[PDB]
Asker: 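Have a look at this one before I ask anything.
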Amino acid sequence: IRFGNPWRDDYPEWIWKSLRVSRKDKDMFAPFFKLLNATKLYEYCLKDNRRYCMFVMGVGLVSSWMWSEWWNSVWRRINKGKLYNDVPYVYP
Amino acid sequence: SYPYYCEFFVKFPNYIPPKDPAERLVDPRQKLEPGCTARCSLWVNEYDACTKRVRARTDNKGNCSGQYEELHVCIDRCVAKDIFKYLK
Amino acid sequence: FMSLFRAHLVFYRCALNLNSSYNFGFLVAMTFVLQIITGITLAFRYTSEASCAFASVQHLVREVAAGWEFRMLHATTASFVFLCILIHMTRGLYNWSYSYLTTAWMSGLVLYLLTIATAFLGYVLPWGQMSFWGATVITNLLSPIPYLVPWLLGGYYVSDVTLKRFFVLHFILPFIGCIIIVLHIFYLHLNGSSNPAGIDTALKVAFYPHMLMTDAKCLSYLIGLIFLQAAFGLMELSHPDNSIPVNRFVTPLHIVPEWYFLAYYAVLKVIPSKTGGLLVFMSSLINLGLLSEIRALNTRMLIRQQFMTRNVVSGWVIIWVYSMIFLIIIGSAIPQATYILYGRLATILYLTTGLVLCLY
Amino acid sequence: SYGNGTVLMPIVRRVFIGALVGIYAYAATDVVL
Amino acid sequence: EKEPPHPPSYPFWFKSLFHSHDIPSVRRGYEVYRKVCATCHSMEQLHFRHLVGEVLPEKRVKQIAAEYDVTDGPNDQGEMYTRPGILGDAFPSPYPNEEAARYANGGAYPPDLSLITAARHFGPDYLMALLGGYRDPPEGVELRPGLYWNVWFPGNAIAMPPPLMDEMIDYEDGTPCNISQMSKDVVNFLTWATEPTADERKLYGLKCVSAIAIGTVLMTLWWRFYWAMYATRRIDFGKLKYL
Amino acid sequence: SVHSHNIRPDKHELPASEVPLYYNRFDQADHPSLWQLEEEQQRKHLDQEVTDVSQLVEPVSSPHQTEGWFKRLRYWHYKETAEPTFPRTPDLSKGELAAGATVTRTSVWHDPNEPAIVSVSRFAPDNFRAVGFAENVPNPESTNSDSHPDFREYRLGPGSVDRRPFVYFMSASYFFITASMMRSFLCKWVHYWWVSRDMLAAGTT
Amino acid sequence: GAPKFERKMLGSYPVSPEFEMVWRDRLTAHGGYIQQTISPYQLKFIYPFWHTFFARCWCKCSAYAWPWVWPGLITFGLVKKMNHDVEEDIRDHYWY
Ligand SMILES: CCCCCCCCCCCCCCCCCC(=O)OC[C@H](COP(=O)([O-])OCC(O)COP(=O)([O-])OC[C@@H](COC(=O)CCCCCCCCCCCCCCCCC)OC(=O)CCCCCCCCCCCCCCCCC)OC(=O)CCCCCCCCCCCCCCCCC
Ligand SMILES: CCCCCCCCCCCCCCCCCC(=O)OC[C@H](COP(=O)([O-])OCC(O)COP(=O)([O-])OC[C@@H](COC(=O)CCCCCCCCCCCCCCCCC)OC(=O)CCCCCCCCCCCCCCCCC)OC(=O)CCCCCCCCCCCCCCCCC
Ligand SMILES: CCCCCCCCCCCCCCCCCC(=O)OC[C@H](COP(=O)([O-])OCC(O)COP(=O)([O-])OC[C@@H](COC(=O)CCCCCCCCCCCCCCCCC)OC(=O)CCCCCCCCCCCCCCCCC)OC(=O)CCCCCCCCCCCCCCCCC
Ligand SMILES: CCCCCCCCCCCCCCCCCC(=O)OC[C@H](COP(=O)([O-])OCC(O)COP(=O)([O-])OC[C@@H](COC(=O)CCCCCCCCCCCCCCCCC)OC(=O)CCCCCCCCCCCCCCCCC)OC(=O)CCCCCCCCCCCCCCCCC
Ligand SMILES: CCCCCCCCCCCCCCCCCC(=O)OC[C@H](COP(=O)([O-])OCC[N+](C)(C)C)OC(=O)CCCCCCCCCCCCCCCCC
Ligand code: HEC
Ligand code: HEM
Ligand code: HEM
Ligand SMILES: COc1cc2[nH]c(C)c(-c3ccc(Oc4ccc(OC(F)(F)F)cc4)cc3)c(=O)c2cc1Cl
Ligand SMILES: [Mg+2]
């Protein structure tokens, strides 16, 4: 046993092979970077720090609101029939 | 400092309707206790055997609280597995 | 002060092989900040009057907007203060950091004692059963010292006057701690930090941006785990009896302090003598302080690398860690002769490991 | 040694050692001897 | 002594991260408190206004409050008087002081139930088991009057008589009543009453923990962005090897 | 510096001139320029090809050395024990080292057939080298191993897409999330400052 | 900081206050070196982490096995033996 043993420890041969693999000049996600660059978001909103900060505050204001609304809908669906507004009280 | 502590991997059961609404006027624990009493029989016998050893002693000492507690704890844990299936 | 800011947080050079074991000093500092912010906010609506203290905390939770958030964040973050400190101290004992960072080690020990005292003061304030009876006991272990008890309370018993003064001390001590953090950093940057391999090296890079982004990543995990526990209650960090009003004539069935005090509370419980148990307390602190002078205790020249990697004899700090865990279990158990026997077994390991760290 | 101003830590070292020798000697005489 | 037994885990709806309280069952448990438990137990921290819009509608809460006689004053002549209750009043207490409570219960004090599920180990599971744990004593244990045997109460000897029995009240929604049903319902009510802010707390946590997690991923990418320039760096001594 | 040395006498850690700990066999050159010839005529172990841990060279140092109660580490080299007035004379015939106090306070350097000024010129520390020096001590050519990857494997070259838009959308997203977190914490602090639910009701009559 | 014989500077321009800590740790590059670094905007920065995952994980886990795991298993076993003797001791004193 080589694992954990100071008298024998060494990488097996299948780990030395993984270190020799090569993917030079390959990029499977390139079609994603092309789409982003074609929107010109960098030229109009991120290259200038004044505009970059406008983008931060504005997008954060709208995103935070949509995030809360969505989570409230999930909450109401999971808990259908258990919340107060779902079971009208009947008087005697 | 919390009303309860949340748990993972809880099985929330489905309600089992009865045949006659008047059936659930009695505690549905009675239907589940016999089956749960047979599965804890290993403790039913240790309790009955400890009573004989105490009934025979001359002095007025000895009890069976230990075996009695283990027996009824086993049964309550068996009932909890399914009791909520019959409760609204 | 901006030249000091850029000299120590921007252009400061650090070894390339740093990792997350060197990020927990920043996390402790951030926990102090969070406690100061939430603490001051709680103080705006807390009442030190014993007859109304317990009620002021409940009314705060039940009636005030967002009152539950500041109360539960303050309680949870306190537990993370002690977990970070424990990991912070253990790194030092694994790498023999006190070999050349001597005054950094000593200053740290003072900060640890200050944090212990602060937490103890804060736990009495909500004024429940565990508040009262835990203070009564822990303040009696100090009885061997003459007249060190009746004055801190200002009465014949943990009365309503003790509560007023524990509030002021609890308010003040954290800011004193912030002063000593400045000394701590002074003594560190005097020598420079070590690294996991224990070697001198010229392969260093600037703090910003490489090392600053590791601290930021760890901060995210801390904030997320605090809020997870605070808002959902996954672990049981507080005792239920403190949700009961004080009763001076009825002792609870099981008295146990917070988890970060349990281990040493167990050590003191398995030693029958009351005077011998307090001497054991001093000897342990004295041992930790003496490590600042480890270079001088033997004429052989020491090395920082301790060779725990792939070593079947382990290391003394690891053996201590498991003895501490073992005692936390004993401390949380009902007294029983069998528990007491094993508790004494572990106490010997708990103490002997400290002493042999001074040998090499 | 000559050339530095670390002058308190050598005093702390001798006080701590002495304190330890006295604690473990007062316990043995109470339990063993 | 010995360690008491751990109670079993019952599948209460609220135990999940994503779940709320079961309000139909909270309503029925409030009838059980009002008609059975309130005769011996106080809930001094609860007020009628706490129920409005969360358990019952406003007009119904007024009718319940007005059925009680509450002390108020002093009047212009410096005297005390009584009047019907209003939304601002607290749940009525059965005894004026603790000494009067013990005198009526053989020296035992029924504790206040405002934080009861936070004040016992295992909380609601313990309360459910307690309420159905009364048994006859074992061989060799004889108890004096005023004490009863219970599986889950520490020491087994409790001074509370069995409070529940089959068929004793008529729910308003038509649910058939039995000992087990009443136990589940009264536990839900008392868990809500221990902290009515539980639903607000959990819904805010979901929004927060999810956001923080996403930001943690982004910061991980930004860290590895700078890690790679020094992890892939080459340093040669003497002469240049590769470009 | 703020660190003092610990050169003092010791009754348990004897002086190195009597117990060296390190393997006490050294060669001696008449002039240190000669070591350049040793470095080109001796073979190096790192130039041979080995494949298994079991074929690695065995050290000439012995594992049995430091002993004692609770002594975890068992091998050391150097110590600061003070040297006495009259130290032991090194035995050069056995390869023993002569340096420091063992040159100044002994007659180890006398040679009957040479002037004293010539003999003692050969006892500077650069004149001694431990056995095994040329065969073993590494002298690396790079920090990088040819068995490991470097930037040649990961570099984006011609034909690659620009990354700037992605890098700054990554950072901007972190910030609009962190800004929302801050805005929420401040709004909750302000609410806490405002009137409570029990007092808002008392005002309605 | 660095030793005195390393802190000695070759130039004469004054040390600016924002750089006080940099020059307190000056170190001479004995023998020299040649450095090559690529811009982070022109590197794959997540794939290298996973390309070397198996080798890094082997190195870390192998180092920790003996020193941490072997004492942990022993502590776990002692915890079980302790709990087995407590139960038997309760029945030898209270059960009939
Ligand atoms: C998809 C389906 C679902 C499944 C998926 C998962 C779903 C869940 C969600 C997703 C989860 C994963 C997400 C991705 C994660 C990505 C990040 C990641 O991998 O993180 C790891 C990563 C590791 O860091 P690294 O830089 O990669 O490597 C550092 C080296 O390891 C440092 O090593 P070094 O060599 O440089 O330094 C030497 C030494 C220096 O020392 C130190 O660094 C400090 C001490 C380290 C040891 C810590 C333990 C001691 C403290 C004990 C505390 C006791 C608590 C008391 C209470 C007890 C109650 C009972 O450190 C060590 O020795 C470290 C090795 C420790 C090994 C421990 C071995 C345990 C063996 C157990 C055996 C058990 C046997 C019995 C079994 C019985 C049953 C059969 O850490 C981080 O990035 C940290 C981020 C979080 C910051 C902390 C904030 C929270 C604070 C609370 C937690 C505290 C602990 C945190 C870890 C600390 C590590 C030092
Ligand atoms: C700045 C830039 C940024 C912008 C501006 C920032 C502006 C703010 C900055 C501040 C501005 C205002 C100025 C502030 C000045 C403050 C004073 C100052 O600087 O002095 C530094 C000064 C160092 O000056 P230096 O120029 O660096 O070097 C002096 C020499 O030339 C050369 O000496 P050396 O190098 O050879 O050795 C020096 C070494 C000398 O080391 C020692 O002598 C040891 C000192 C620590 C001993 C305690 C640690 C634990 C030891 C084990 C337990 C022992 C128990 C006792 C029994 C022992 C055996 C009989 O000192 C250290 O290691 C430094 C430690 C830091 C101490 C700071 C504490 C200040 C006073 C406040 C204390 C509050 C305590 C609260 C927590 C406790 C609450 C219950 O520190 C001292 O020498 C004072 C030591 C005071 C020790 C107090 C210890 C109290 C606790 C004792 C234990 C009690 C346990 C009871 C348990 C009971 C359980 C029921
Ligand atoms: C009527 C009943 C009476 C009962 C009382 C007891 C009566 C006993 C009478 C015995 C009479 C016959 C035997 C006489 C022997 C005399 C030996 C002597 O004086 O030395 C001569 C002679 C002295 O010459 P020297 O030149 O000084 O040589 C010294 C060596 O150089 C040394 O250095 P070295 O380099 O050669 O050795 C390496 C060194 C360094 O090695 C290392 O550092 C390696 C360490 C590796 C550790 C890796 C551990 C990894 C696994 C961890 C597992 C997890 C743990 C953590 C988790 C915990 C969770 C809770 O190794 C050690 O330091 C060994 C450590 C031994 C520790 C044993 C301590 C036992 C204490 C028992 C309790 C005592 C009371 C405590 C207080 C109670 C309250 C007041 O020594 C030798 O030749 C060697 C002999 C060594 C013998 C050791 C074992 C003796 C055992 C005796 C029997 C004990 C029975 C107790 C139970 C009884 C039940 C009824
Ligand atoms: C369990 C929890 C923990 C998380 C899950 C487990 C961890 C792994 C998850 C999978 C993520 C990695 C996927 C593979 C690698 C991708 C990158 C890459 O280079 O791949 C191609 C690369 C080869 O490609 P190449 O051609 O050489 O180079 C192409 C690139 O140019 C090479 O260029 P480059 O190297 O410079 O980098 C390219 C760059 C470019 O990547 C892109 O393609 C850009 C993508 C843009 C989006 C970025 C992700 C943002 C997601 C946020 C969440 C959604 C927000 C939206 C709203 C949601 C509303 C619900 O890559 C990225 O930036 C990576 C983005 C993904 C980050 C990971 C996100 C995971 C969490 C997602 C959900 C959020 C957390 C939950 C909270 C929310 C729900 C409650 O292959 C590899 O790297 C090897 C792949 C094998 C590694 C995967 C191993 C997976 C199994 C181990 C984990 C098992 C579970 C945990 C065990 C431990 C705990 C017990
Ligand atoms: C006055 C300060 C703001 C207060 C009011 C606003 C609310 C505060 C809550 C946060 C709001 C969001 C921040 C504003 C946006 C900033 C954008 C900007 O200009 O940045 C420039 C840039 C923007 O990113 P960039 O670098 O990609 O931009 C390059 C420039 N462009 C894109 C225009 C070509 O950011 C930086 O320079 C980053 C510096 C490193 C900081 C890393 C942050 C992590 C924090 C870790 C440490 C922990 C801190 C806690 C300390 C606690 C102490 C007690
Ligand atoms: C008077 C006839 C009572 C009625 C009606 C109810 N309770 Fe009570 N309770 C009473 C006493 C005298 C005691 C003290 C018991 C003792 O031995 O000290 C109690 C106690 C409780 C407790 C506390 C249990 C504990 O672990 O300490 C609870 C949780 C409790 N009672 C709940 C409860 C409920 C839900 C009731 C309505 C179904 C109820 N009680 C009625 C006296 C009386
Ligand atoms: C490291 C710093 C601090 C720590 C470790 C700490 C710890 C604690 C602890 C453990 C409690 C008891 C919580 C409970 O069980 O209810 C508490 C309560 C309290 N603390 Fe802090 N505290 C710190 C800082 C502060 C500061 C700086 C202040 C005010 C300036 C403060 C004000 C309060 C108040 C008012 C309470 C009572 C409210 C309550 O008990 O919930 N705290 N503190
Ligand atoms: C409020 C409490 C503390 C704070 C805020 C704090 C802060 C820090 C920080 C930021 C660092 C540098 C980064 C790091 O290494 O993590 C550090 C390093 C260090 N700390 Fe702490 N610390 C505290 C307590 C302690 C304690 C209790 C000890 C020891 C008993 C200690 C000893 C050390 C040492 C020795 C180092 C240097 C480690 C090395 O470079 O090898 N500190 N501290
Ligand atoms: C080898 O590695 C270590 C050794 C360590 N040794 C010791 C002695 C401690 C320590 C110090 C002070 C302390 O303060 C006390 C609080 C409360 C008390 O009393 C009571 F009852 F608990 F409240 C007693 C005491 C409690 C514990 C450590 O933290 C520690 C940590 C590591 Cl990593
Ligand atoms: Mg030394």
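Letters A, B, ... are given to chains in the order of the sequence lines, protein chains preceding strands, and every chain is numbered from 1. Counting starts at 1 for both ligands and their atoms, in listed order.
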Asker: I'd like to know if atom 28 (O) of ligand 2 has any protein heavy atom within a distance of less than 4.0 Å.
Answerer: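 Given the 4.0 Å cut-off, atom 28 (O) of ligand 2 does not count as touching protein heavy atoms.
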
Asker: Can you tell me if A117(C) contacts ligand 2 (heavy atom of the residue under 4.0 Å from the ligand)?
Answerer: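 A117(C): no contact with ligand 2 (<4.0 Å).
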
Asker: Please indicate whether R56(G) has more than 12 foreign heavy atoms, meaning atoms of other residues, nucleotides or ligands, lying under 6.0 Å from its CZ.
Answerer: yes

Asker: Distance below 4.0 Å between atom 79 (C) of ligand 1 and any protein heavy atom?
Answerer: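 No; the ligand atom in question lacks any protein heavy-atom contact below 4.0 Å.
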
Asker: Provide the number and element of each atom of ligand 2 under 4.0 Å from a heavy atom of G5(D).
Answerer: 32 (C)

Asker: Where on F120(C) is there a heavy atom closer than 4.0 Å to ligand 9, on the side chain, on the backbone, on both, or on neither?
Answerer: neither

Asker: Which of the numbered atoms in ligand 2 are below 4.0 angstrom from a heavy atom of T103(C)?
Answerer: 63 (O)

Asker: Given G315(C), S332(C), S220(C), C218(C), identify the one with the heavy atom nearest to atom 87 (C) of ligand 1.
Answerer: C218(C)

Asker: Just heavy atoms, cut-off under 4.0 Å: does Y112(C) contact ligand 9 by side chain, backbone, both, or neither?
Answerer: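 Under 4.0 Å from ligand 9, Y112(C) contributes side-chain atoms alone.
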
Asker: Can you tell which of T76(C), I223(C), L234(C) makes a side chain to side chain contact (heavy atoms under 4.5 Å, CB included) with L228(C)?
Answerer: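 Single pass found, and it is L234(C).
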
Asker: Ignoring hydrogens and geometry, is there a side-chain-to-backbone donor-acceptor pair from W58(G) to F3(A) under 3.5 Å?
Answerer: no

Asker: Is there at least one protein heavy-atom neighbour under 4.0 Å from atom 39 (C) of ligand 1?
Answerer: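 Protein heavy atom within 4.0 Å of atom 39 (C) of ligand 1: present.
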
Asker: Suppose I only count heavy atoms of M282(C) and a 4.0 Å limit; which atoms of ligand 2 are within that range?
Answerer: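 Per the distance check, 55 (C), 56 (C), 57 (C).
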
Asker: Using heavy-atom distances only, which candidate in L8(D), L20(D), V12(D) approaches atom 83 (O) of ligand 2 most closely?
Answerer: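 Ranked by closest heavy atom to atom 83 (O) of ligand 2, first place is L8(D).
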
Asker: Report the part of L262(C) (side chain from C-beta onward, or backbone N, CA, C, O) that has a heavy atom under 4.0 Å from ligand 9; answer both or neither where that applies.
Answerer: neither

Asker: Has ligand 9 got any nitrogen or oxygen that is less than 3.5 angstrom from a nitrogen or oxygen of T90(C)?
Answerer: no

Asker: Just need the protein heavy atom nearest to atom 52 (C) of ligand 1, so name the residue and atom and give the distance.
Answerer: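 Atom 52 (C) of ligand 1 sits closest to the protein heavy atom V321(C) CG1, 4.2 Å.
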
Asker: Go through ligand 1 atom by atom and flag the ones less than 4.0 Å from a non-hydrogen atom of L83(C).
Answerer: 92 (C)

Asker: Is the number of heavy atoms from other residues, nucleotides or ligands under 6.0 Å of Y26(D) OH greater than 12?
Answerer: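 It does not: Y26(D) OH has 12 such atoms or fewer within range.
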
Asker: I want to know if ligand 2 touches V7(D) in the polar sense, i.e. an N/O pair below 3.5 angstrom.
Answerer: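 Looking only at distances, the answer is yes, because the N/O contact criterion of under 3.5 Å is met.
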
Asker: Within the structure, does at least one protein heavy atom fall under 4.0 Å of atom 7 (C) of ligand 1?
Answerer: no

Asker: Give me the residue, atom name and distance of the protein heavy atom closest to atom 41 (O) of ligand 1.
Answerer: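 Checking every protein heavy atom, the shortest distance to atom 41 (O) of ligand 1 gives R91(C) CA, 4.0 Å.
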
Asker: Show the atoms of ligand 2 that are less than 4.0 angstrom away from any heavy atom in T6(D).
Answerer: 36 (O)

Asker: Run down the list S283(C), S107(C), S284(C), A19(D) and name the one with the heavy atom closest to atom 65 (C) of ligand 2.
Answerer: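 Residue with the shortest heavy-atom distance to the ligand atom: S107(C).
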
Asker: What part of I116(C), side chain from CB on, backbone N/CA/C/O, both or neither, has a heavy atom under 4.0 Å from ligand 9?
Answerer: side chain

Asker: Does ligand 2 have any atom that is closer than 4.0 Å to a heavy atom of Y187(C)?
Answerer: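 Contact check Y187(C) vs ligand 2: positive.
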
Asker: Do me a favour and list the nearest non-hydrogen protein atom to atom 90 (C) of ligand 1 with residue, atom name and distance?
Answerer: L225(C) CD1, 3.6 Å

Asker: Among all protein heavy atoms in this structure, tell me which lies nearest to atom 2 (O) of ligand 9, with the distance rounded to 0.1 Å.
Answerer: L93(C) CD1, 3.0 Å

Asker: Mind telling me whether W316(C) and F70(F) have parallel, tilted or perpendicular rings, with 30° and 60° as the class edges?
Answerer: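 Because their plane-to-plane angle is over 60°, the rings of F70(F) and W316(C) count as perpendicular.
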
Asker: Nearest heavy atom to atom 66 (C) of ligand 1: which of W68(G), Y94(C), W320(C) does it belong to?
Answerer: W68(G)

Asker: What is the nearest protein non-hydrogen atom to atom 72 (C) of ligand 1, stated with its residue, atom name and distance?
Answerer: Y322(C) OH, 4.1 Å

Asker: Which option out of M106(C), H8(C), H184(C) puts a heavy atom nearest to atom 63 (O) of ligand 2?
Answerer: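 Shortest heavy-atom distance from atom 63 (O) of ligand 2: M106(C).
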
Asker: Counting non-hydrogen protein atoms only, what is the nearest one to atom 95 (C) of ligand 1? Give residue, atom name and distance.
Answerer: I87(C) CD1, 3.9 Å

Asker: Using a 4.0 Å cutoff against the non-hydrogen atoms of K217(C), which atoms of ligand 1 qualify?
Answerer: 83 (O)

Asker: What protein heavy atom sits nearest atom 55 (C) of ligand 1, and how far away is it?
Answerer: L86(C) CD2, 4.3 Å

Asker: Between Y100(C) and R295(C), is there a cation-pi geometry (under 6.0 Å to ring centre, at most 45° from the normal)?
Answerer: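 No - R295(C) does not lie over the ring of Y100(C) by the 6.0 Å and 45° rule.
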
Asker: For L109(C), state whether at least one heavy atom is located under 4.0 Å from any atom of ligand 2.
Answerer: no

Asker: Based purely on interatomic distance, does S20(C) place a nitrogen or oxygen under 3.5 Å from a nitrogen or oxygen of ligand 1?
Answerer: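 It does: an N or O of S20(C) is found under 3.5 Å from an N or O of ligand 1.
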
Asker: At the 4.0 Å heavy-atom cut-off, does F24(C) count as touching ligand 1?
Answerer: yes

Asker: If we set the cut-off at 4.0 Å for heavy atoms, which region of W320(C) has an atom near ligand 9: side chain, backbone, both, or neither?
Answerer: side chain

Asker: Any idea which of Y260(C), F326(C), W259(C), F76(G) brings a heavy atom closest to atom 56 (C) of ligand 1?
Answerer: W259(C)

Asker: Identify, for atom 85 (C) of ligand 1, the protein heavy atom at the shortest distance, and state residue, atom and that distance.
Answerer: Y221(C) CD1, 3.9 Å

Asker: Do we see a donor-acceptor contact under 3.5 Å between the side chains of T102(C) and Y187(C)?
Answerer: no

Asker: Please list the nearest protein heavy atom to atom 67 (C) of ligand 1 with its residue and the distance rounded to 0.1 Å.
Answerer: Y64(G) CD1, 4.1 Å

Asker: Regarding atom 57 (C) of ligand 1: of the candidates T90(C), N23(C), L18(C), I328(C), which has the closest heavy atom?
Answerer: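 Checking each option, the heavy atom nearest atom 57 (C) of ligand 1 is found in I328(C).
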
Asker: What atoms of ligand 1 come within less than 4.0 Å of a heavy atom belonging to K60(G)?
Answerer: 25 (P), 27 (O), 28 (O)

